[PDB]
Amino acid sequence: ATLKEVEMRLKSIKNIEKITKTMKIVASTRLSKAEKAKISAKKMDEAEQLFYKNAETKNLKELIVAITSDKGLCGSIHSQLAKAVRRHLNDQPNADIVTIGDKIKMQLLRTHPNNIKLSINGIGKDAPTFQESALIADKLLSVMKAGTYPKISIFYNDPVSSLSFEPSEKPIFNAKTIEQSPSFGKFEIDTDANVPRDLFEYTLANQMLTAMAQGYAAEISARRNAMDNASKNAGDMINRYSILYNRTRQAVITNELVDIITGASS
Amino acid sequence: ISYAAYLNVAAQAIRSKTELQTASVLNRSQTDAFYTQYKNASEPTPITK
Amino acid sequence: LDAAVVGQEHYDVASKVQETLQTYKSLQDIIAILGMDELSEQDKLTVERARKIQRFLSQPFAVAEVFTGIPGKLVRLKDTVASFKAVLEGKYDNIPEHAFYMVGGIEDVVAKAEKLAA
Amino acid sequence: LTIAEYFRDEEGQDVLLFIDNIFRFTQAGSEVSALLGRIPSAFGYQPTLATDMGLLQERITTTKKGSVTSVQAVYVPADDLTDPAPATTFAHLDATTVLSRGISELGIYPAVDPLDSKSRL
Amino acid sequence: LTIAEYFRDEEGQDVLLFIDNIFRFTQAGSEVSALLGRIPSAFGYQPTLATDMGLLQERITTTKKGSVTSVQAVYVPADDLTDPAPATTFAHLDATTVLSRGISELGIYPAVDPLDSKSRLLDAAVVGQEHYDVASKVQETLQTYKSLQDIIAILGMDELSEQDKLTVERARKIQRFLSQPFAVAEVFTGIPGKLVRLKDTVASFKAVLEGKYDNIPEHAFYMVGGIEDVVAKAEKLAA
Amino acid sequence: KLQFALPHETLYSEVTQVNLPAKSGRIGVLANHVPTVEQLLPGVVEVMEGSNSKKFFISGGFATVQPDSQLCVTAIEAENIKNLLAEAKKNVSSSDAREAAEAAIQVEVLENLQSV
Amino acid sequence: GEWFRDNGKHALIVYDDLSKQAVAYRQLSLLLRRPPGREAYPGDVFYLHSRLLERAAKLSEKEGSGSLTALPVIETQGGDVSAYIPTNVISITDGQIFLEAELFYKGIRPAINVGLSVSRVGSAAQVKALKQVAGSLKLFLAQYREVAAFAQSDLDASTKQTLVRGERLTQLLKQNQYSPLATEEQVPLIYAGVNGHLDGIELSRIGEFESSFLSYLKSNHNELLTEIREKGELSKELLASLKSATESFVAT
Amino acid sequence: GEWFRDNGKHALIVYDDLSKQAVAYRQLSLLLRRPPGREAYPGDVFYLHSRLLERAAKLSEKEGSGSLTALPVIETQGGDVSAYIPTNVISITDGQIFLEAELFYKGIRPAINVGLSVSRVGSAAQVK
Amino acid sequence: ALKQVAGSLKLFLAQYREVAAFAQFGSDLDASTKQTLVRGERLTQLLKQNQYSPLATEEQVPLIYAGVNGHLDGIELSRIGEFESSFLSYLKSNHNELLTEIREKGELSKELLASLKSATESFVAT
């Protein structure tokens, strides 16, 4: 209503516009570095998960690892993966949930709080790495006793393209399941070492990465979209408040001027 | 110690002059990751990974 | 708008409705720039409900019959009170917004909801 | 203008008239009005802003003899195209030629912005 | 002012003059202007606002005959520092302390705006280089903070650079360290008033800027005296 | 046809022979190898096209020859100061603190890496 | 000031400040009951300042070639250049040096906001030597400012180089009060900045660097200082000499 | 125009535009020293238009059925319809055809912003 | 009496305001931060009040004491109104001793603090 009201509530939106715009380009560079980190993850999946495709490994209490991130301001990344885990957890209500990222721990803590036994923090700043992947995977084995569940499921977001993403699930098979797979014999594995045991702990770490890298790239492409739409909409308010200002500024001056003219007749 | 964590420590000798060591090598090496255990709302202290 | 005149129930319902609308109105700057997806789920829920009440307050007038193209409904005070009370209790969350728009009491929303699905 | 009119009216010439700057003509008119004791209109401007503008602009035109064609540098205060000054000036403009630092820096002389310069014709 | 002047010149000594509140001289004048037949000036102030103020302030000056240290409370209409009255008052002063609503509303008393308060005496030739440098970094640290609060608004802390996270966290401390219990303010706090020697203030902030106290929690800097008190309170909250 | 892959970089995506560091026996996968699964220790991986032999130093992982005779190799990683990091492991030997629960594992590979 | 101008000499006049003059003029006018207008200034207040500022001038050879030069001062309120008097004066003069509280607290003193300051005369009013090394300087700080908000990680080799260079030139341009520098002391500092010889030095030391580089240049290369001062230009040999003296100082 | 209305015929009147008329009227008013109100228009600028646009009517058959029809033109500034003169005439007329700079820029011409456009009585007058 | 129970209530309500703004931008925080987020939300609710229903000091002191000292943190938010009047009626019938004393002595001895702590905690477990 007043010039001061309009000057300070325009200014703040001029900032948000400049700001949300900066993080549209911030998370554009961050997309180039996370398309190469994605491809190197996805290419590596075909090579690792091919053995299982050929050995024909299938399943026979459940650990659910859910992956989004710590950050917000990224469309509906966290909201529609939590939506997936819920439709899944509806069928199997008796499962232990491990969360990677706070924005999915909260989404889930409000819906099935007691199923969550572990949370991973500080997760979506840089790209994901095998070190985070493996050290998350190591605690999984240690504190959750990962190696022992009949079924282990990673929930994550697959980048369909640049402009969208798909909430996806994948299984991890333990040592027992690998060994006792229909076409395991096709491969001449030396049964001395624990090739299945190692193959499991490696694939726990490895396919988590596969998931994190995609979810993360799904996110970086939801963030540069939500911010793209934010700048486009913040600029719409700057159009309203530029005009209202140019108005309220003139009105102020005219009304002080009427006061002055009245005071100057008498 | 576990086959993943075991190959990782091996991935940090081969990672740690500063030549054949681009920016993302010393960023493959750093983790801002803190694991919080949870029971019935939270339970115990958040520890470094 | 005082319980002595309108009855405690009427008052309570009116106040909770005013409370709901207000929470949406306090969140307009964020809805507009950042959208629905950056709200907490509690708010996202209260917003989704204000949006419905907002529409449910629109009514076809008898004299406005030429601009709406709709028989002008006239709703009794007791009915209004009983209709809004329920919407507050979250009984009709599954119902899309457009059903609440330009109708009468509670039954008319049900009528429109069945009309729109198929 | 009076010099420019005679070339039209007695010489039959299509004549150019450069007014630089047209904003400063509005300001000066504003100043005189204040000094004569007239009650300022909206935003301080004279109450005769439009007719003052009319009195000048309406003389630039095509006659059966020829034409005065005027090129007028226009200054926009605070870049507010709605301030009565430009608003009243724009009502009289038939085309615009927009020279730009953006077109200049690219190496294009003259530095006309070909997507910004607009013409009613 | 006439009494203060006589001490100055004929007691030939150092007077204190406290005026609360000098805006009222300008306002009061303003209230009879129209009835004295004057066309109003901008903001409804009298046409003679400045010469009136000049004629008053200029008499409130140290001279070669004696010394007057004057302290004047200055009301600021509707919080507007650009109101012709406060505005015209600024250049008559050697030292301006600007109290700020937004700062008091944080619960930081005194509500001094540490960037918008100025003094001639802040000058290496007067305070000595060290004092001067601390002051300057303190102001850069707070301005950097003031700037980044726009990014703290939409993204929150975790997108800041490592250098800036540190600057921000040091600024939040420094902000609270500039609060102090006044003796006169006891009734509003219950806290005894701390009066801190200048040489300790410099030395204290110097240290905070260098990072000697970064592990110390944020609330141990609020509403205390010199650095010794920070250390003392940090032990209390440790229990 | 060879499929060498890392999580950060992707090395190989036609090949005559590949020498890998397996359980211990460095294996020479010839052009028609019977399907296997072997874990890769840290070491050198040599891919052979013509008479070109590109070596690669490796963190570890897994090799598999498929039914389709394709080799699939996966590693995390593909030197600075020799003695550095080795003395940052001998002094932290350590003792009973669960620090030794990992720090004693450094010297198992650093006398293997420097062997090349 | 005009006696000087009018007698083949040159004088600088500083009006500190025209806001306060405008105020006294207004006080006179209202008291004499003349018609008020916007902000209660008389409708000839603009004539007050343009009468005054058009008197600064460079005279022709025929008339002595003397000159008067005016630095008027204007106080703004909350940076409102749209206010009546600021508007009048900004339109009357040949450019603004625009100063800002925020830049000041940041430590950028003179708190000159480059993107808002202008000299409408510009380069023709500038020692050729300074025009040469600082022609680009005009460019970069402009580029710095666009890419500015990126100062907060994952950036191009393009946009970080912009950042590194700008940060330094901004720092170079800081100055203490009461210590104006000679032209032959400025060009080598600005040659150093503009042409990349600072990107290695940490931002904390660009202060002590300027201090140490000039003294060194005084001890050893008094030759080129003199030529810069005396010719006012930079020949090709001179840039090459400057380049040599700079690169030799940096490495040490 | 009224002549036709008064003599059983139909005249259409186009005021192009009432913005400029209101501006002319403000000049007249200020030179006459009437108290300037909102945007320095005089107190009676609503009335100026109201008495004008009220002379458009359809007459009853008892008066010869003649009809005057007014299409006044107002010029907004930067799309703002809440300005004094826009809202006055909007509260005299029987509807607005609002034309939009944003549509006109793109090509949608007539730039009739449908949402913000209304006829209040012309309903009955639409060809079936 | 009222001064003592409303210690830093206004300053705490200030802390409660800054926090519910750090909460707005979508983040689950730690214990201490969500504890003051719980307390201030209920203290607010406690300070809500029907028109033409002014309260006596000896009625006000208990409700405040109950609020600031944590005894309401356990109670669901939409029940604070019904807590107030029940708690009041509980004191009028049972611990009338105290409300008579608060109204009389105007201050609060440690003997009235210990009695109140023992009273409030008792009502909390209905």
# chains A, B, ... in the order shown; residues from 1 in each chain; ligands from 1

call {"tool": "residues_around", "arguments": {"residues": "residue 84 (chain C)", "least_positions_apart": "6", "cutoff": "12 Å", "atoms": "only C-alpha atoms", "output": "MDAnalysis selection string"}}
result
chainID C and resid 9:18 20 49:50 52:57 77:78 90:92 100 104:107 109

call {"tool": "residues_around", "arguments": {"residues": "region 49-58 of chain H", "least_positions_apart": "4", "cutoff": "9 Å", "atoms": "only C-alpha atoms", "output": "PDB file with N, CA, C and O atoms, in the first residue's frame"}}
result
ATOM      1  N   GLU H   2     -28.209  11.621 -30.578  1.00  0.00           N
ATOM      2  CA  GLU H   2     -29.541  11.543 -29.958  1.00  0.00           C
ATOM      3  C   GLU H   2     -30.681  11.734 -30.940  1.00  0.00           C
ATOM      4  O   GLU H   2     -31.736  11.128 -30.776  1.00  0.00           O
ATOM      5  N   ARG H   5     -31.822   8.500 -32.140  1.00  0.00           N
ATOM      6  CA  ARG H   5     -32.484   7.862 -31.003  1.00  0.00           C
ATOM      7  C   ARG H   5     -33.883   8.452 -30.801  1.00  0.00           C
ATOM      8  O   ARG H   5     -34.833   7.718 -30.555  1.00  0.00           O
ATOM      9  N   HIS H  10     -31.483   4.327 -35.178  1.00  0.00           N
ATOM     10  CA  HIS H  10     -30.419   3.767 -34.343  1.00  0.00           C
ATOM     11  C   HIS H  10     -29.024   4.322 -34.670  1.00  0.00           C
ATOM     12  O   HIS H  10     -28.442   4.018 -35.715  1.00  0.00           O
ATOM     13  N   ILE H  13     -22.474   5.573 -31.236  1.00  0.00           N
ATOM     14  CA  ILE H  13     -21.515   6.618 -30.934  1.00  0.00           C
ATOM     15  C   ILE H  13     -20.202   6.050 -30.389  1.00  0.00           C
ATOM     16  O   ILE H  13     -20.207   5.194 -29.503  1.00  0.00           O
ATOM     17  N   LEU H  18     -12.260   8.891 -24.164  1.00  0.00           N
ATOM     18  CA  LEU H  18     -12.646   9.578 -22.939  1.00  0.00           C
ATOM     19  C   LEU H  18     -11.475   9.817 -21.977  1.00  0.00           C
ATOM     20  O   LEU H  18     -11.563  10.657 -21.081  1.00  0.00           O
ATOM     21  N   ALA H  22     -11.013  13.376 -20.374  1.00  0.00           N
ATOM     22  CA  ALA H  22     -10.791  13.574 -18.930  1.00  0.00           C
ATOM     23  C   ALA H  22      -9.534  14.389 -18.666  1.00  0.00           C
ATOM     24  O   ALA H  22      -9.522  15.221 -17.756  1.00  0.00           O
ATOM     25  N   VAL H  45     -15.131  14.322 -11.970  1.00  0.00           N
ATOM     26  CA  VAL H  45     -14.744  13.691 -13.242  1.00  0.00           C
ATOM     27  C   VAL H  45     -15.562  12.432 -13.517  1.00  0.00           C
ATOM     28  O   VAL H  45     -15.745  12.042 -14.663  1.00  0.00           O
ATOM     29  N   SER H  65     -38.980   4.021 -29.856  1.00  0.00           N
ATOM     30  CA  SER H  65     -38.033   2.892 -29.932  1.00  0.00           C
ATOM     31  C   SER H  65     -36.611   3.195 -30.420  1.00  0.00           C
ATOM     32  O   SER H  65     -35.786   2.283 -30.520  1.00  0.00           O
ATOM     33  N   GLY H  66     -36.322   4.461 -30.714  1.00  0.00           N
ATOM     34  CA  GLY H  66     -34.985   4.857 -31.164  1.00  0.00           C
ATOM     35  C   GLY H  66     -33.906   4.512 -30.152  1.00  0.00           C
ATOM     36  O   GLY H  66     -34.166   4.496 -28.946  1.00  0.00           O
ATOM     37  N   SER H  67     -32.696   4.231 -30.632  1.00  0.00           N
ATOM     38  CA  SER H  67     -31.637   3.759 -29.748  1.00  0.00           C
ATOM     39  C   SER H  67     -30.287   4.404 -30.004  1.00  0.00           C
ATOM     40  O   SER H  67     -29.790   4.403 -31.133  1.00  0.00           O
ATOM     41  N   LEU H  68     -29.702   4.945 -28.939  1.00  0.00           N
ATOM     42  CA  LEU H  68     -28.312   5.374 -28.959  1.00  0.00           C
ATOM     43  C   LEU H  68     -27.467   4.293 -28.308  1.00  0.00           C
ATOM     44  O   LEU H  68     -27.873   3.701 -27.314  1.00  0.00           O
ATOM     45  N   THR H  69     -26.295   4.037 -28.877  1.00  0.00           N
ATOM     46  CA  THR H  69     -25.392   3.016 -28.365  1.00  0.00           C
ATOM     47  C   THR H  69     -24.003   3.617 -28.297  1.00  0.00           C
ATOM     48  O   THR H  69     -23.506   4.157 -29.289  1.00  0.00           O
ATOM     49  N   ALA H  70     -23.385   3.527 -27.126  1.00  0.00           N
ATOM     50  CA  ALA H  70     -22.071   4.106 -26.921  1.00  0.00           C
ATOM     51  C   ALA H  70     -20.975   3.053 -26.801  1.00  0.00           C
ATOM     52  O   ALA H  70     -21.099   2.072 -26.070  1.00  0.00           O
ATOM     53  N   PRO H  72     -17.486   3.831 -25.708  1.00  0.00           N
ATOM     54  CA  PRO H  72     -16.389   4.699 -25.296  1.00  0.00           C
ATOM     55  C   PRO H  72     -15.058   3.958 -25.264  1.00  0.00           C
ATOM     56  O   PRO H  72     -15.025   2.753 -25.005  1.00  0.00           O
ATOM     57  N   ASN H  88     -13.982   4.395 -13.129  1.00  0.00           N
ATOM     58  CA  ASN H  88     -15.175   5.242 -13.151  1.00  0.00           C
ATOM     59  C   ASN H  88     -16.073   4.820 -14.299  1.00  0.00           C
ATOM     60  O   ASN H  88     -17.240   4.464 -14.094  1.00  0.00           O
ATOM     61  N   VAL H  89     -15.505   4.816 -15.501  1.00  0.00           N
ATOM     62  CA  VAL H  89     -16.244   4.475 -16.701  1.00  0.00           C
ATOM     63  C   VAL H  89     -16.688   3.007 -16.678  1.00  0.00           C
ATOM     64  O   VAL H  89     -17.786   2.692 -17.142  1.00  0.00           O
ATOM     65  N   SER H  91     -17.699   1.617 -14.141  1.00  0.00           N
ATOM     66  CA  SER H  91     -18.881   1.689 -13.293  1.00  0.00           C
ATOM     67  C   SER H  91     -19.938   2.676 -13.820  1.00  0.00           C
ATOM     68  O   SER H  91     -20.770   3.179 -13.061  1.00  0.00           O
ATOM     69  N   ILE H  92     -19.888   2.940 -15.123  1.00  0.00           N
ATOM     70  CA  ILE H  92     -20.945   3.661 -15.840  1.00  0.00           C
ATOM     71  C   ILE H  92     -21.472   2.733 -16.923  1.00  0.00           C
ATOM     72  O   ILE H  92     -22.686   2.522 -17.031  1.00  0.00           O
ATOM     73  N   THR H  93     -20.546   2.164 -17.702  1.00  0.00           N
ATOM     74  CA  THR H  93     -20.869   1.319 -18.863  1.00  0.00           C
ATOM     75  C   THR H  93     -21.551  -0.002 -18.503  1.00  0.00           C
ATOM     76  O   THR H  93     -21.610  -0.394 -17.340  1.00  0.00           O
TER      77      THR H  93
END

call {"tool": "residues_around", "arguments": {"residues": "residue 36 (chain H)", "least_positions_apart": "3", "cutoff": "9 Å", "atoms": "only C-alpha atoms", "output": "ChimeraX atom specification"}}
result
/A:258 /D:39,41 /H:26,29-30,33,39-43

call {"tool": "write_last_selection", "arguments": {"atoms": "N, CA, C and O atoms", "output": "compact mmCIF listing (two decimals), in the first residue's frame"}}
result
# COMPACT_ATOMS: atom_id res chain seq x y z
N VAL A 258 -0.71 18.09 -3.65
CA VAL A 258 -2.00 18.66 -3.28
C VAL A 258 -1.95 19.32 -1.90
O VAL A 258 -2.44 20.43 -1.73
N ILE D 39 -1.74 25.62 -10.97
CA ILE D 39 -1.74 24.44 -10.12
C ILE D 39 -1.22 23.27 -10.93
O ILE D 39 -1.78 22.95 -11.98
N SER D 41 -0.52 19.66 -12.37
CA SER D 41 -1.31 18.46 -12.55
C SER D 41 -0.59 17.30 -11.89
O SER D 41 0.28 17.48 -11.03
N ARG H 26 -9.33 17.95 -16.85
CA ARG H 26 -8.42 18.26 -15.75
C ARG H 26 -7.69 19.59 -15.96
O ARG H 26 -7.46 20.34 -15.00
N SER H 29 -10.08 22.33 -15.31
CA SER H 29 -10.30 22.34 -13.86
C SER H 29 -9.16 22.96 -13.06
O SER H 29 -9.39 23.77 -12.17
N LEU H 30 -7.93 22.57 -13.38
CA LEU H 30 -6.78 23.11 -12.67
C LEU H 30 -6.55 24.58 -13.00
O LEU H 30 -6.13 25.37 -12.13
N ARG H 33 -8.68 26.41 -10.90
CA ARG H 33 -8.36 26.21 -9.47
C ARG H 33 -9.36 25.43 -8.63
O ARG H 33 -9.59 25.78 -7.49
N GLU H 39 -5.25 11.42 -8.58
CA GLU H 39 -4.45 11.73 -9.78
C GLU H 39 -4.70 13.12 -10.36
O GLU H 39 -4.71 13.32 -11.58
N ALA H 40 -4.88 14.08 -9.46
CA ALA H 40 -5.16 15.48 -9.78
C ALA H 40 -6.37 15.72 -10.69
O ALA H 40 -6.52 16.81 -11.26
N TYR H 41 -7.24 14.73 -10.83
CA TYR H 41 -8.54 14.98 -11.45
C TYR H 41 -9.47 15.67 -10.45
O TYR H 41 -9.34 15.45 -9.24
N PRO H 42 -10.40 16.52 -10.95
CA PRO H 42 -11.30 17.19 -10.03
C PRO H 42 -12.33 16.23 -9.46
O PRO H 42 -12.48 15.11 -9.95
N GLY H 43 -13.03 16.69 -8.43
CA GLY H 43 -14.01 15.89 -7.72
C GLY H 43 -15.06 15.32 -8.64
O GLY H 43 -15.55 14.23 -8.40

call {"tool": "interface_residues", "arguments": {"of": "chain G", "to": "chain A", "cutoff": "8 Å", "atoms": "only C-alpha atoms", "output": "PyMOL selection string"}}
result
chain G and resi 35-40+149-150+154-156

call {"tool": "closest_atom_pairs", "arguments": {"of": "chain I", "to": "chain B", "cutoff": "12 Å", "atoms": "only C-alpha atoms", "output": "JSON lines"}}
result
{"residue": "I:28", "atom": "CA", "partner": "B:41", "partner_atom": "CA", "distance": 11.4}
{"residue": "I:29", "atom": "CA", "partner": "B:42", "partner_atom": "CA", "distance": 11.6}
{"residue": "I:30", "atom": "CA", "partner": "B:42", "partner_atom": "CA", "distance": 9.8}
{"residue": "I:31", "atom": "CA", "partner": "B:42", "partner_atom": "CA", "distance": 9.5}

call {"tool": "atom_distance", "arguments": {"atom1": "CA of residue 27 (chain F)", "atom2": "CA of residue 134 (chain A)"}}
result
27.2 Å

call {"tool": "closest_atom_pairs", "arguments": {"of": "chain B", "to": "chain A", "cutoff": "8 Å", "atoms": "only C-alpha atoms", "output": "tab-separated table"}}
result
residue	atom	partner	partner_atom	distance
B:1	CA	A:138	CA	7.7
B:2	CA	A:138	CA	6.5
B:3	CA	A:198	CA	6.0
B:4	CA	A:134	CA	5.3
B:5	CA	A:134	CA	5.7
B:8	CA	A:131	CA	6.2
B:28	CA	A:129	CA	5.9
B:29	CA	A:131	CA	7.1
B:31	CA	A:132	CA	6.4
B:32	CA	A:122	CA	5.7
B:33	CA	A:122	CA	5.2
B:34	CA	A:121	CA	5.0
B:35	CA	A:120	CA	4.8
B:36	CA	A:119	CA	5.2
B:37	CA	A:118	CA	4.6
B:38	CA	A:117	CA	4.4
B:39	CA	A:117	CA	5.7
B:40	CA	A:114	CA	4.8
B:41	CA	A:113	CA	6.4
B:49	CA	A:135	CA	6.4

call {"tool": "write_last_selection", "arguments": {"atoms": "N, CA, C and O atoms", "output": "PDB file, in the first residue's frame"}}
result
ATOM      1  N   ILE B   1      35.429 -53.563   8.056  1.00  0.00           N
ATOM      2  CA  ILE B   1      36.027 -54.391   6.974  1.00  0.00           C
ATOM      3  C   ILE B   1      34.960 -55.263   6.305  1.00  0.00           C
ATOM      4  O   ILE B   1      34.280 -56.054   6.973  1.00  0.00           O
ATOM      5  N   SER B   2      34.821 -55.097   4.987  1.00  0.00           N
ATOM      6  CA  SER B   2      33.846 -55.817   4.162  1.00  0.00           C
ATOM      7  C   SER B   2      34.178 -55.541   2.703  1.00  0.00           C
ATOM      8  O   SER B   2      34.583 -54.433   2.379  1.00  0.00           O
ATOM      9  N   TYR B   3      33.979 -56.526   1.826  1.00  0.00           N
ATOM     10  CA  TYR B   3      34.481 -56.463   0.440  1.00  0.00           C
ATOM     11  C   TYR B   3      34.326 -55.098  -0.264  1.00  0.00           C
ATOM     12  O   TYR B   3      35.170 -54.720  -1.075  1.00  0.00           O
ATOM     13  N   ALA B   4      33.256 -54.370   0.043  1.00  0.00           N
ATOM     14  CA  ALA B   4      33.069 -53.024  -0.488  1.00  0.00           C
ATOM     15  C   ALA B   4      34.028 -52.044   0.193  1.00  0.00           C
ATOM     16  O   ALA B   4      34.832 -51.377  -0.469  1.00  0.00           O
ATOM     17  N   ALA B   5      33.934 -51.971   1.521  1.00  0.00           N
ATOM     18  CA  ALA B   5      34.807 -51.141   2.350  1.00  0.00           C
ATOM     19  C   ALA B   5      36.279 -51.521   2.192  1.00  0.00           C
ATOM     20  O   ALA B   5      37.167 -50.705   2.440  1.00  0.00           O
ATOM     21  N   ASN B   8      37.449 -50.128  -1.215  1.00  0.00           N
ATOM     22  CA  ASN B   8      37.459 -48.678  -1.039  1.00  0.00           C
ATOM     23  C   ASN B   8      38.777 -48.156  -0.464  1.00  0.00           C
ATOM     24  O   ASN B   8      39.341 -47.188  -0.978  1.00  0.00           O
ATOM     25  N   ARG B  28      36.176 -37.669  -4.758  1.00  0.00           N
ATOM     26  CA  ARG B  28      35.849 -39.087  -4.620  1.00  0.00           C
ATOM     27  C   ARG B  28      36.268 -39.544  -3.225  1.00  0.00           C
ATOM     28  O   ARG B  28      35.747 -40.531  -2.690  1.00  0.00           O
ATOM     29  N   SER B  29      37.213 -38.809  -2.646  1.00  0.00           N
ATOM     30  CA  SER B  29      37.849 -39.200  -1.397  1.00  0.00           C
ATOM     31  C   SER B  29      37.155 -38.638  -0.149  1.00  0.00           C
ATOM     32  O   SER B  29      37.275 -39.205   0.941  1.00  0.00           O
ATOM     33  N   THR B  31      33.871 -37.430   2.189  1.00  0.00           N
ATOM     34  CA  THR B  31      32.468 -37.732   2.465  1.00  0.00           C
ATOM     35  C   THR B  31      31.914 -36.908   3.628  1.00  0.00           C
ATOM     36  O   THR B  31      32.410 -36.991   4.757  1.00  0.00           O
ATOM     37  N   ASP B  32      30.892 -36.107   3.332  1.00  0.00           N
ATOM     38  CA  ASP B  32      30.124 -35.402   4.356  1.00  0.00           C
ATOM     39  C   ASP B  32      28.933 -36.268   4.767  1.00  0.00           C
ATOM     40  O   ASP B  32      27.790 -35.819   4.729  1.00  0.00           O
ATOM     41  N   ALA B  33      29.202 -37.511   5.155  1.00  0.00           N
ATOM     42  CA  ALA B  33      28.138 -38.477   5.424  1.00  0.00           C
ATOM     43  C   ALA B  33      28.103 -38.897   6.892  1.00  0.00           C
ATOM     44  O   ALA B  33      29.103 -39.379   7.430  1.00  0.00           O
ATOM     45  N   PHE B  34      26.951 -38.713   7.533  1.00  0.00           N
ATOM     46  CA  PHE B  34      26.797 -39.030   8.955  1.00  0.00           C
ATOM     47  C   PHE B  34      25.630 -39.994   9.197  1.00  0.00           C
ATOM     48  O   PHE B  34      24.467 -39.655   8.959  1.00  0.00           O
ATOM     49  N   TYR B  35      25.938 -41.195   9.676  1.00  0.00           N
ATOM     50  CA  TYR B  35      24.894 -42.192   9.880  1.00  0.00           C
ATOM     51  C   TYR B  35      24.230 -42.090  11.247  1.00  0.00           C
ATOM     52  O   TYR B  35      24.891 -42.130  12.285  1.00  0.00           O
ATOM     53  N   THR B  36      22.913 -41.933  11.222  1.00  0.00           N
ATOM     54  CA  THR B  36      22.112 -41.854  12.431  1.00  0.00           C
ATOM     55  C   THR B  36      21.260 -43.106  12.561  1.00  0.00           C
ATOM     56  O   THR B  36      20.443 -43.411  11.692  1.00  0.00           O
ATOM     57  N   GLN B  37      21.468 -43.827  13.655  1.00  0.00           N
ATOM     58  CA  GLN B  37      20.639 -44.967  14.004  1.00  0.00           C
ATOM     59  C   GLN B  37      19.280 -44.478  14.518  1.00  0.00           C
ATOM     60  O   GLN B  37      19.172 -43.380  15.067  1.00  0.00           O
ATOM     61  N   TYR B  38      18.245 -45.289  14.330  1.00  0.00           N
ATOM     62  CA  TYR B  38      16.876 -44.883  14.644  1.00  0.00           C
ATOM     63  C   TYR B  38      16.074 -46.030  15.270  1.00  0.00           C
ATOM     64  O   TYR B  38      16.206 -47.185  14.849  1.00  0.00           O
ATOM     65  N   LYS B  39      15.252 -45.704  16.273  1.00  0.00           N
ATOM     66  CA  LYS B  39      14.456 -46.706  17.008  1.00  0.00           C
ATOM     67  C   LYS B  39      13.133 -46.171  17.557  1.00  0.00           C
ATOM     68  O   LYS B  39      13.093 -45.126  18.209  1.00  0.00           O
ATOM     69  N   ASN B  40      12.064 -46.927  17.297  1.00  0.00           N
ATOM     70  CA  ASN B  40      10.707 -46.635  17.768  1.00  0.00           C
ATOM     71  C   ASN B  40      10.292 -45.168  17.621  1.00  0.00           C
ATOM     72  O   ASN B  40      10.544 -44.542  16.588  1.00  0.00           O
ATOM     73  N   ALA B  41      10.575 -42.155  15.530  1.00  0.00           N
ATOM     74  CA  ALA B  41      11.419 -41.144  16.163  1.00  0.00           C
ATOM     75  C   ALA B  41      12.793 -41.703  16.525  1.00  0.00           C
ATOM     76  O   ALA B  41      12.942 -42.905  16.731  1.00  0.00           O
ATOM     77  N   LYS B  49      30.833 -41.370   8.918  1.00  0.00           N
ATOM     78  CA  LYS B  49      30.809 -42.645   8.181  1.00  0.00           C
ATOM     79  C   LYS B  49      32.138 -43.406   8.250  1.00  0.00           C
ATOM     80  O   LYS B  49      33.168 -42.869   8.668  1.00  0.00           O
TER      81      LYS B  49
END

call {"tool": "select_by_dssp", "arguments": {"residues": "region 41-116 of chain E", "states": "strand (DSSP E or B)", "output": "ChimeraX atom specification"}}
result
/E:67-73,95-96,99,112

call {"tool": "residues_around", "arguments": {"residues": "residue 126 (chain I)", "least_positions_apart": "3", "cutoff": "12 Å", "atoms": "only C-alpha atoms", "output": "PyMOL selection string"}}
result
chain I and resi 75+83+86-87+90+119-123

call {"tool": "interface_residues", "arguments": {"of": "chain C", "to": "chain I", "cutoff": "12 Å", "atoms": "only C-alpha atoms", "output": "JSON, numbers by chain"}}
result
{"C": [2, 3, 4, 16, 26, 27, 30, 34, 37, 38, 39, 40, 41, 42, 43, 44]}
